Amino acid sequence: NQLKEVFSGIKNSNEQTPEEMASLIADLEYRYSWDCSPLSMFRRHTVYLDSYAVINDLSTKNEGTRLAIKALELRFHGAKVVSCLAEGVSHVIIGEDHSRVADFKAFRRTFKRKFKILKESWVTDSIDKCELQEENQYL
Amino acid sequence: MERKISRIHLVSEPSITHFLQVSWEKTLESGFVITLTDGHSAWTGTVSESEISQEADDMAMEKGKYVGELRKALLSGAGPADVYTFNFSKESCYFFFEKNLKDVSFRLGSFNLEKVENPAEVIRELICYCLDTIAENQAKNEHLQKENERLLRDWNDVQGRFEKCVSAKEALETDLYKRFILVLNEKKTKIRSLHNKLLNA
Amino acid sequence: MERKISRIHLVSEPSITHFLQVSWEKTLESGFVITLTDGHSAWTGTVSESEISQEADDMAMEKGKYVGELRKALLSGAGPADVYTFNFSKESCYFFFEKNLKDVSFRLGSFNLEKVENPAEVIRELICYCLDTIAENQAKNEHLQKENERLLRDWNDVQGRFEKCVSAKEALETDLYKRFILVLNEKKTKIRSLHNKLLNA
């Protein structure tokens, strides 16, 4: 109750930027081991979705598929959704279409840091467990 | 090409049905091909744009309204507004249709049809076109049914996920708050101990 | 009572098609009626459990598979599945459908046909059934399209609401975390100032 009262007392503060918020969130979480919560466990991960018919093409959105709900669920859970396949991406998600898997493997080989390729079923199941299921079965 | 088949009861013979086939390329105004069949004999003809224009002008009526009436009559788009009657003599080849209301008849239109030597070809073409439409409609209906099933399934799944989300969200606030409390209290103990040590001096 | 239409070619008439109508009440096992027409003259026939029993005696194999093969040959008309040819001796009135497997032939069945006195009646019946089917299919398509549009509306609404909820969750998260960061920062400033006095004295 007292913490709630003190929080209520203050008026507002919007002097920070989203990147600083993410960094501070991560720092506090690592310092005090936040990760045990059912959520916030996707904060340390950046997730890309193959919602674009052409990789790294924002003008070819394919909205209107279950991939959209998957990505939205990822955003809810705490994943940093990335529209562009940067070299810092840690997860890439794919649906029933495996046409571009070779391209994803080639890009993974090109990048210094490799990102595992994961299927939608991985998250669709891991929601129930509320935990980071082993990727080997879903590689 | 656009086509429409309709069932008309000629007033010469009441029980037997007769079939009218009307085809138009772009719009009915430009002229249309009319074929009348009864299962054993057929008559074919055409009405060109100049003829329809002359008919409308001779009726001293707006072209648009005349076209509307013609479509309502021959294409069978008639509602409860009124009734039409068709007339055809097998010896003159002079087809004519009128709109009947309150014992008053309007000679809505007339055509000068002609016999076709071979009825087998026209009858066969008619049946073939009917079957083609049946098949196309059946396939499209099946595909739409499948799409509907997919939509229902995904809507149910999304609703379930939304229920999970709403149940979790409101709850998570206190789970977040309690450990804010814990860390603040820990630093609180640290500050109190430091102040006590300082005052011990 | 159900009835189906199909198009078949004849060896004698490779350029002119025939329409076969097969009508059964409950299942082909009980029996049905076949009618062959070409736009001018039509023949009819009948089959009962006795005839199929005799045929199954002739060919000595499971009855249900004979029924299914007849169903496919007379209704499905599936060309890719081992096309078979329906020929007809008009004068002898012998319409039979031979099966042509690769380098093998079978005389699937024999049939008898008669000349109906009035062809025009049956020709009319066929096409009126076709038109009624057209109407029913159109009505079903309209209803299904309306249902699909309703479903698309519901899908869009659900997606929008879910997006609103996720945005709200993220906003609340950022607000609370910023507030706690500020509180901890002020507490840290105070404790640092207190600890400075330690080195001071």
# chains A, B, ... in the order shown; residues from 1 in each chain; ligands from 1

call {"tool": "calpha_fit_and_write", "arguments": {"fixed": "chain C", "moving": "chain B", "output": "compact mmCIF listing (two decimals) with C-alpha atoms, in the first residue's frame"}}
result
# COMPACT_ATOMS: atom_id res chain seq x y z
CA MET B 1 -32.08 -38.79 -53.92
CA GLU B 2 -28.81 -38.09 -55.75
CA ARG B 3 -28.59 -37.29 -59.46
CA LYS B 4 -25.93 -37.01 -62.15
CA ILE B 5 -26.27 -35.87 -65.77
CA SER B 6 -23.63 -36.82 -68.32
CA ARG B 7 -22.88 -36.32 -72.01
CA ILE B 8 -22.30 -39.48 -74.06
CA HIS B 9 -21.60 -39.86 -77.78
CA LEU B 10 -23.41 -42.96 -78.97
CA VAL B 11 -21.34 -44.82 -81.56
CA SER B 12 -24.21 -45.11 -84.05
CA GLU B 13 -24.28 -41.35 -84.73
CA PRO B 14 -20.96 -39.58 -84.03
CA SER B 15 -21.75 -35.86 -84.28
CA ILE B 16 -24.96 -35.65 -82.25
CA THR B 17 -24.69 -35.74 -78.47
CA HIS B 18 -26.92 -37.79 -76.18
CA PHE B 19 -27.67 -37.24 -72.51
CA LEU B 20 -27.70 -39.79 -69.69
CA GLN B 21 -29.46 -39.14 -66.37
CA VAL B 22 -28.57 -41.49 -63.50
CA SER B 23 -30.28 -41.32 -60.10
CA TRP B 24 -29.68 -43.30 -56.92
CA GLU B 25 -31.28 -42.96 -53.49
CA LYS B 26 -28.73 -44.07 -50.86
CA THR B 27 -25.84 -45.69 -52.73
CA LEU B 28 -25.40 -46.83 -56.31
CA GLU B 29 -25.35 -50.46 -55.18
CA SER B 30 -29.04 -50.48 -54.23
CA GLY B 31 -30.15 -49.86 -57.82
CA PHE B 32 -30.55 -46.78 -60.00
CA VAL B 33 -32.88 -45.10 -62.47
CA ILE B 34 -31.42 -44.31 -65.90
CA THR B 35 -33.05 -42.01 -68.45
CA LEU B 36 -31.61 -41.38 -71.92
CA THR B 37 -32.66 -38.31 -73.89
CA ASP B 38 -31.65 -36.65 -77.14
CA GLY B 39 -33.99 -33.65 -77.39
CA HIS B 40 -36.88 -35.34 -79.20
CA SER B 41 -37.31 -38.79 -77.61
CA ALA B 42 -36.51 -40.34 -74.25
CA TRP B 43 -36.25 -43.80 -72.72
CA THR B 44 -36.54 -44.61 -69.01
CA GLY B 45 -35.56 -47.63 -66.96
CA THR B 46 -34.37 -49.00 -63.64
CA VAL B 47 -31.80 -51.51 -62.44
CA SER B 48 -32.52 -53.19 -59.10
CA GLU B 49 -30.09 -54.57 -56.53
CA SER B 50 -30.65 -58.18 -57.58
CA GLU B 51 -29.78 -57.30 -61.18
CA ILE B 52 -26.50 -55.58 -60.29
CA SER B 53 -25.62 -58.49 -58.00
CA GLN B 54 -26.27 -60.99 -60.79
CA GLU B 55 -24.19 -58.89 -63.18
CA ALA B 56 -21.26 -58.76 -60.77
CA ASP B 57 -21.41 -62.47 -59.96
CA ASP B 58 -21.64 -63.34 -63.65
CA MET B 59 -18.50 -61.26 -64.20
CA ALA B 60 -16.64 -63.27 -61.53
CA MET B 61 -15.26 -59.99 -60.20
CA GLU B 62 -15.31 -58.25 -56.83
CA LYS B 63 -18.52 -56.33 -56.20
CA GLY B 64 -16.65 -53.27 -54.93
CA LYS B 65 -14.45 -52.98 -58.00
CA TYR B 66 -17.42 -53.50 -60.32
CA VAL B 67 -19.33 -50.73 -58.55
CA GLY B 68 -16.27 -48.51 -58.84
CA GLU B 69 -16.04 -49.14 -62.58
CA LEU B 70 -19.77 -48.56 -63.03
CA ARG B 71 -19.59 -45.21 -61.23
CA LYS B 72 -16.46 -44.22 -63.15
CA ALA B 73 -18.27 -44.96 -66.41
CA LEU B 74 -21.85 -43.76 -66.06
CA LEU B 75 -21.19 -40.87 -63.66
CA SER B 76 -18.32 -39.68 -65.89
CA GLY B 77 -15.64 -39.96 -63.22
CA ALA B 78 -13.26 -41.44 -65.78
CA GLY B 79 -9.73 -40.12 -65.91
CA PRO B 80 -6.91 -40.85 -68.37
CA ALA B 81 -6.95 -44.52 -67.34
CA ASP B 82 -8.94 -45.75 -70.35
CA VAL B 83 -11.95 -45.04 -72.57
CA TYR B 84 -15.52 -46.33 -72.73
CA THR B 85 -17.94 -46.67 -75.63
CA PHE B 86 -21.74 -46.78 -75.52
CA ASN B 87 -24.14 -48.51 -77.90
CA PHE B 88 -27.89 -48.09 -78.41
CA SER B 89 -30.21 -49.13 -81.23
CA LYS B 90 -33.45 -47.19 -81.60
CA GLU B 91 -35.40 -50.34 -82.52
CA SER B 92 -34.25 -52.90 -79.93
CA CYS B 93 -34.01 -50.71 -76.81
CA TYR B 94 -30.87 -52.60 -75.74
CA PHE B 95 -28.30 -50.21 -74.27
CA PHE B 96 -24.82 -51.49 -73.54
CA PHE B 97 -21.50 -49.94 -72.58
CA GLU B 98 -18.00 -51.39 -72.78
CA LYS B 99 -14.46 -50.39 -71.82
CA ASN B 100 -12.07 -50.32 -74.78
CA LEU B 101 -8.33 -50.94 -74.46
CA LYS B 102 -5.73 -52.24 -76.93
CA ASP B 103 -8.36 -53.40 -79.44
CA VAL B 104 -10.05 -55.41 -76.67
CA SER B 105 -13.59 -54.73 -75.46
CA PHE B 106 -15.14 -55.59 -72.09
CA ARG B 107 -18.96 -55.60 -72.11
CA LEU B 108 -18.97 -53.71 -68.84
CA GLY B 109 -22.74 -53.65 -68.69
CA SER B 110 -26.09 -53.71 -70.44
CA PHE B 111 -29.61 -52.48 -69.75
CA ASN B 112 -33.00 -53.08 -71.35
CA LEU B 113 -34.52 -49.62 -71.65
CA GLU B 114 -38.00 -48.71 -72.91
CA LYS B 115 -39.75 -45.79 -74.56
CA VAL B 116 -41.69 -43.18 -72.58
CA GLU B 117 -44.90 -41.93 -74.16
CA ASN B 118 -44.43 -38.24 -73.31
CA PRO B 119 -40.91 -36.80 -73.85
CA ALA B 120 -41.97 -33.23 -73.02
CA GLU B 121 -42.34 -33.97 -69.31
CA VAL B 122 -38.95 -35.64 -68.94
CA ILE B 123 -37.09 -33.00 -70.94
CA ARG B 124 -38.73 -30.23 -68.92
CA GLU B 125 -37.88 -31.94 -65.64
CA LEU B 126 -34.26 -32.26 -66.74
CA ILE B 127 -33.90 -28.58 -67.61
CA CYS B 128 -35.62 -27.59 -64.38
CA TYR B 129 -33.18 -29.62 -62.30
CA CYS B 130 -30.21 -28.12 -64.11
CA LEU B 131 -31.44 -24.59 -63.43
CA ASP B 132 -32.06 -25.43 -59.77
CA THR B 133 -28.47 -26.58 -59.32
CA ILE B 134 -27.17 -23.47 -61.07
CA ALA B 135 -29.13 -21.20 -58.74
CA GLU B 136 -28.15 -23.02 -55.55
CA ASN B 137 -24.47 -23.04 -56.48
CA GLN B 138 -24.54 -19.35 -57.39
CA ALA B 139 -26.07 -18.38 -54.05
CA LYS B 140 -23.66 -20.52 -52.02
CA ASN B 141 -20.68 -19.13 -53.94
CA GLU B 142 -21.81 -15.57 -53.26
CA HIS B 143 -22.15 -16.25 -49.54
CA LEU B 144 -18.71 -17.87 -49.43
CA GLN B 145 -17.24 -14.84 -51.21
CA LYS B 146 -18.70 -12.57 -48.54
CA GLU B 147 -17.24 -14.76 -45.80
CA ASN B 148 -13.82 -14.62 -47.46
CA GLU B 149 -13.97 -10.83 -47.57
CA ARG B 150 -14.81 -10.68 -43.86
CA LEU B 151 -11.95 -13.04 -43.05
CA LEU B 152 -9.43 -10.94 -44.98
CA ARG B 153 -10.55 -7.72 -43.31
CA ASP B 154 -10.41 -9.12 -39.79
CA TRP B 155 -7.05 -10.81 -40.38
CA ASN B 156 -5.58 -7.49 -41.50
CA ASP B 157 -7.02 -5.71 -38.47
CA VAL B 158 -5.66 -8.31 -36.04
CA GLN B 159 -2.23 -8.13 -37.68
CA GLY B 160 -2.23 -4.36 -37.25
CA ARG B 161 -3.16 -4.67 -33.59
CA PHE B 162 -0.42 -7.28 -33.11
CA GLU B 163 2.12 -4.93 -34.67
CA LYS B 164 1.04 -2.21 -32.24
CA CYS B 165 1.29 -4.63 -29.32
CA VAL B 166 4.78 -5.85 -30.21
CA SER B 167 6.02 -2.31 -30.78
CA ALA B 168 4.72 -1.22 -27.37
CA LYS B 169 5.74 -4.25 -25.30
CA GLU B 170 9.52 -4.31 -25.68
CA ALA B 171 9.57 -0.54 -25.21
CA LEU B 172 7.51 -0.51 -22.01
CA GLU B 173 10.22 -2.29 -20.00
CA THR B 174 12.48 0.74 -19.62
CA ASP B 175 9.52 3.03 -18.98
CA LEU B 176 8.65 0.76 -16.07
CA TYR B 177 12.27 0.52 -14.90
CA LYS B 178 13.05 4.23 -14.70
CA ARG B 179 10.42 4.99 -12.08
CA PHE B 180 11.44 1.96 -10.01
CA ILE B 181 14.83 3.70 -10.10
CA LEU B 182 13.26 7.00 -9.07
CA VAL B 183 11.36 5.64 -6.06
CA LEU B 184 14.33 3.57 -4.90
CA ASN B 185 16.58 6.62 -5.15
CA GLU B 186 14.08 8.71 -3.19
CA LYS B 187 14.00 6.20 -0.35
CA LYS B 188 17.79 6.08 -0.72
CA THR B 189 18.05 9.80 -0.05
CA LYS B 190 15.73 9.38 2.93
CA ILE B 191 17.86 6.60 4.44
CA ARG B 192 21.11 8.50 3.85
CA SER B 193 19.70 11.64 5.49
CA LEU B 194 18.43 9.61 8.44
CA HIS B 195 21.82 7.98 8.93
CA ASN B 196 23.59 11.34 8.72
CA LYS B 197 21.25 12.79 11.34
CA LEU B 198 21.82 9.74 13.55
CA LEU B 199 25.60 10.06 13.26
CA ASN B 200 25.36 13.79 14.01
CA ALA B 201 24.45 12.80 17.59

call {"tool": "residues_around", "arguments": {"residues": "residue A:57", "least_positions_apart": "4", "cutoff": "10 Å", "atoms": "only C-alpha atoms", "output": "mmCIF file with N, CA, C and O atoms, in the first residue's frame"}}
result
data_model
loop_
_atom_site.group_PDB
_atom_site.id
_atom_site.type_symbol
_atom_site.label_atom_id
_atom_site.label_comp_id
_atom_site.auth_asym_id
_atom_site.auth_seq_id
_atom_site.Cartn_x
_atom_site.Cartn_y
_atom_site.Cartn_z
ATOM 1 N N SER A 51 7.528 -12.372 -42.298
ATOM 2 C CA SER A 51 6.260 -11.826 -42.760
ATOM 3 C C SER A 51 6.388 -11.082 -44.083
ATOM 4 O O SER A 51 5.369 -10.680 -44.652
ATOM 5 N N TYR A 52 7.606 -10.896 -44.583
ATOM 6 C CA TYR A 52 7.857 -10.194 -45.832
ATOM 7 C C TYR A 52 8.195 -11.208 -46.912
ATOM 8 O O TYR A 52 9.086 -12.044 -46.726
ATOM 9 N N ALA A 53 7.487 -11.133 -48.041
ATOM 10 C CA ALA A 53 7.761 -12.058 -49.134
ATOM 11 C C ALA A 53 9.212 -11.962 -49.580
ATOM 12 O O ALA A 53 9.771 -12.938 -50.093
ATOM 13 N N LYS A 61 4.742 -6.497 -46.935
ATOM 14 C CA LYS A 61 4.116 -7.121 -45.779
ATOM 15 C C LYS A 61 3.060 -8.119 -46.232
ATOM 16 O O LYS A 61 2.348 -7.896 -47.215
ATOM 17 N N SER A 83 11.905 -5.645 -37.400
ATOM 18 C CA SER A 83 11.396 -5.679 -38.766
ATOM 19 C C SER A 83 12.494 -5.972 -39.781
ATOM 20 O O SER A 83 12.209 -6.523 -40.851
ATOM 21 N N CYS A 84 13.736 -5.612 -39.474
ATOM 22 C CA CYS A 84 14.866 -5.808 -40.371
ATOM 23 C C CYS A 84 15.784 -6.890 -39.818
ATOM 24 O O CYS A 84 16.082 -6.912 -38.620
ATOM 25 N N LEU A 85 16.229 -7.787 -40.698
ATOM 26 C CA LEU A 85 17.108 -8.889 -40.307
ATOM 27 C C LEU A 85 18.524 -8.345 -40.134
ATOM 28 O O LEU A 85 19.376 -8.424 -41.022
#

call {"tool": "atom_distance", "arguments": {"atom1": "atom CA of residue A:58", "atom2": "atom CA of residue A:86"}}
result
13.4 Å

call {"tool": "interface_residues", "arguments": {"of": "chain A", "to": "chain C", "cutoff": "9 Å", "atoms": "only C-alpha atoms", "output": "ChimeraX atom specification"}}
result
/A:7,10,12-14,16,18,21,24-25,28,69,72-73,75-76,78

call {"tool": "atom_distance", "arguments": {"atom1": "atom CA of residue A:80", "atom2": "atom CA of residue A:99"}}
result
24.9 Å

call {"tool": "atom_distance", "arguments": {"atom1": "atom CA of residue A:139", "atom2": "atom CA of residue A:43"}}
result
20.7 Å

call {"tool": "select_by_dssp", "arguments": {"residues": "stretch 37-195 of chain B", "states": "helix (DSSP H, G or I)", "output": "PyMOL selection string"}}
result
chain B and resi 49-58+63-74+119-195

call {"tool": "select_by_dssp", "arguments": {"residues": "stretch 78-194 of chain B", "states": "strand (DSSP E or B)", "output": "list in words"}}
result
residues 83, 84, 85, 86, 87, 95, 96, 97, 98, 99, 100, 101, 104, 105, 106, 107, 108, 109, 110, 111, 114 and 115 of chain B

call {"tool": "write_last_selection", "arguments": {"atoms": "N, CA and C atoms", "output": "PDB file, in the first residue's frame"}}
result
ATOM      1  N   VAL B  83     -46.791  -8.048 -64.046  1.00  0.00           N
ATOM      2  CA  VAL B  83     -46.655  -9.300 -64.774  1.00  0.00           C
ATOM      3  C   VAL B  83     -46.478  -8.999 -66.254  1.00  0.00           C
ATOM      4  N   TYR B  84     -45.811  -9.914 -66.950  1.00  0.00           N
ATOM      5  CA  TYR B  84     -45.598  -9.823 -68.385  1.00  0.00           C
ATOM      6  C   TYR B  84     -46.163 -11.061 -69.060  1.00  0.00           C
ATOM      7  N   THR B  85     -46.557 -10.904 -70.317  1.00  0.00           N
ATOM      8  CA  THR B  85     -47.038 -12.009 -71.130  1.00  0.00           C
ATOM      9  C   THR B  85     -46.318 -11.998 -72.469  1.00  0.00           C
ATOM     10  N   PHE B  86     -46.025 -13.193 -72.974  1.00  0.00           N
ATOM     11  CA  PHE B  86     -45.268 -13.376 -74.202  1.00  0.00           C
ATOM     12  C   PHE B  86     -46.144 -14.056 -75.242  1.00  0.00           C
ATOM     13  N   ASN B  87     -45.930 -13.707 -76.509  1.00  0.00           N
ATOM     14  CA  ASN B  87     -46.726 -14.227 -77.609  1.00  0.00           C
ATOM     15  C   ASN B  87     -45.817 -14.618 -78.761  1.00  0.00           C
ATOM     16  N   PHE B  95     -42.329 -12.662 -82.560  1.00  0.00           N
ATOM     17  CA  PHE B  95     -42.388 -12.735 -81.107  1.00  0.00           C
ATOM     18  C   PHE B  95     -42.682 -11.355 -80.541  1.00  0.00           C
ATOM     19  N   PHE B  96     -43.509 -11.295 -79.500  1.00  0.00           N
ATOM     20  CA  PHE B  96     -43.753  -9.996 -78.888  1.00  0.00           C
ATOM     21  C   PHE B  96     -44.208 -10.165 -77.449  1.00  0.00           C
ATOM     22  N   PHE B  97     -43.689  -9.304 -76.581  1.00  0.00           N
ATOM     23  CA  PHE B  97     -43.943  -9.373 -75.152  1.00  0.00           C
ATOM     24  C   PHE B  97     -44.492  -8.044 -74.660  1.00  0.00           C
ATOM     25  N   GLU B  98     -45.457  -8.133 -73.744  1.00  0.00           N
ATOM     26  CA  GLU B  98     -46.153  -6.973 -73.213  1.00  0.00           C
ATOM     27  C   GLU B  98     -46.248  -7.075 -71.697  1.00  0.00           C
ATOM     28  N   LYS B  99     -46.433  -5.924 -71.058  1.00  0.00           N
ATOM     29  CA  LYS B  99     -46.622  -5.839 -69.616  1.00  0.00           C
ATOM     30  C   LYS B  99     -48.100  -5.597 -69.338  1.00  0.00           C
ATOM     31  N   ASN B 100     -48.704  -6.458 -68.522  1.00  0.00           N
ATOM     32  CA  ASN B 100     -50.143  -6.452 -68.299  1.00  0.00           C
ATOM     33  C   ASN B 100     -50.453  -5.896 -66.918  1.00  0.00           C
ATOM     34  N   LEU B 101     -51.364  -4.928 -66.861  1.00  0.00           N
ATOM     35  CA  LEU B 101     -51.758  -4.328 -65.589  1.00  0.00           C
ATOM     36  C   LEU B 101     -53.154  -3.752 -65.739  1.00  0.00           C
ATOM     37  N   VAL B 104     -54.906  -3.652 -69.017  1.00  0.00           N
ATOM     38  CA  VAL B 104     -54.266  -2.730 -69.945  1.00  0.00           C
ATOM     39  C   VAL B 104     -52.919  -3.323 -70.330  1.00  0.00           C
ATOM     40  N   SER B 105     -52.640  -3.381 -71.629  1.00  0.00           N
ATOM     41  CA  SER B 105     -51.448  -4.042 -72.141  1.00  0.00           C
ATOM     42  C   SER B 105     -50.546  -3.035 -72.839  1.00  0.00           C
ATOM     43  N   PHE B 106     -49.262  -3.077 -72.497  1.00  0.00           N
ATOM     44  CA  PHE B 106     -48.221  -2.281 -73.134  1.00  0.00           C
ATOM     45  C   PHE B 106     -47.357  -3.213 -73.971  1.00  0.00           C
ATOM     46  N   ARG B 107     -47.305  -2.970 -75.281  1.00  0.00           N
ATOM     47  CA  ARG B 107     -46.527  -3.801 -76.200  1.00  0.00           C
ATOM     48  C   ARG B 107     -45.055  -3.475 -75.974  1.00  0.00           C
ATOM     49  N   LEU B 108     -44.509  -4.018 -74.887  1.00  0.00           N
ATOM     50  CA  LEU B 108     -43.192  -3.582 -74.444  1.00  0.00           C
ATOM     51  C   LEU B 108     -42.143  -3.816 -75.520  1.00  0.00           C
ATOM     52  N   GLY B 109     -42.287  -4.877 -76.306  1.00  0.00           N
ATOM     53  CA  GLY B 109     -41.345  -5.051 -77.399  1.00  0.00           C
ATOM     54  C   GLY B 109     -41.733  -6.190 -78.311  1.00  0.00           C
ATOM     55  N   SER B 110     -41.061  -6.226 -79.461  1.00  0.00           N
ATOM     56  CA  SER B 110     -41.319  -7.229 -80.481  1.00  0.00           C
ATOM     57  C   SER B 110     -40.032  -7.523 -81.234  1.00  0.00           C
ATOM     58  N   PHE B 111     -39.893  -8.773 -81.670  1.00  0.00           N
ATOM     59  CA  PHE B 111     -38.759  -9.220 -82.459  1.00  0.00           C
ATOM     60  C   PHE B 111     -39.259 -10.101 -83.595  1.00  0.00           C
ATOM     61  N   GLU B 114     -36.449 -16.185 -86.556  1.00  0.00           N
ATOM     62  CA  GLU B 114     -36.411 -17.045 -87.728  1.00  0.00           C
ATOM     63  C   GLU B 114     -36.014 -18.452 -87.306  1.00  0.00           C
ATOM     64  N   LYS B 115     -36.381 -19.426 -88.131  1.00  0.00           N
ATOM     65  CA  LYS B 115     -36.048 -20.813 -87.844  1.00  0.00           C
ATOM     66  C   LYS B 115     -34.557 -21.059 -88.032  1.00  0.00           C
TER      67      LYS B 115
END

call {"tool": "residues_around", "arguments": {"residues": "residue A:113", "least_positions_apart": "3", "cutoff": "9 Å", "atoms": "only C-alpha atoms", "output": "MDAnalysis selection string"}}
result
chainID A and resid 87:90 108:110

call {"tool": "write_last_selection", "arguments": {"atoms": "N, CA and C atoms", "output": "compact mmCIF listing (two decimals), in the first residue's frame"}}
result
# COMPACT_ATOMS: atom_id res chain seq x y z
N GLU A 87 22.30 -8.15 -38.14
CA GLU A 87 23.26 -9.16 -37.71
C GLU A 87 23.12 -9.51 -36.24
N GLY A 88 22.48 -8.65 -35.45
CA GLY A 88 22.28 -8.91 -34.04
C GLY A 88 21.06 -9.74 -33.70
N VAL A 89 20.29 -10.16 -34.69
CA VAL A 89 19.10 -10.96 -34.43
C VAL A 89 19.51 -12.30 -33.83
N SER A 90 18.79 -12.72 -32.79
CA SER A 90 19.06 -13.99 -32.12
C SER A 90 18.10 -15.09 -32.55
N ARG A 108 22.89 -16.77 -42.20
CA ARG A 108 23.46 -17.17 -40.91
C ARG A 108 24.95 -17.46 -41.05
N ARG A 109 25.33 -18.16 -42.11
CA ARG A 109 26.75 -18.43 -42.34
C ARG A 109 27.52 -17.14 -42.56
N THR A 110 26.93 -16.19 -43.28
CA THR A 110 27.61 -14.93 -43.55
C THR A 110 27.88 -14.16 -42.26
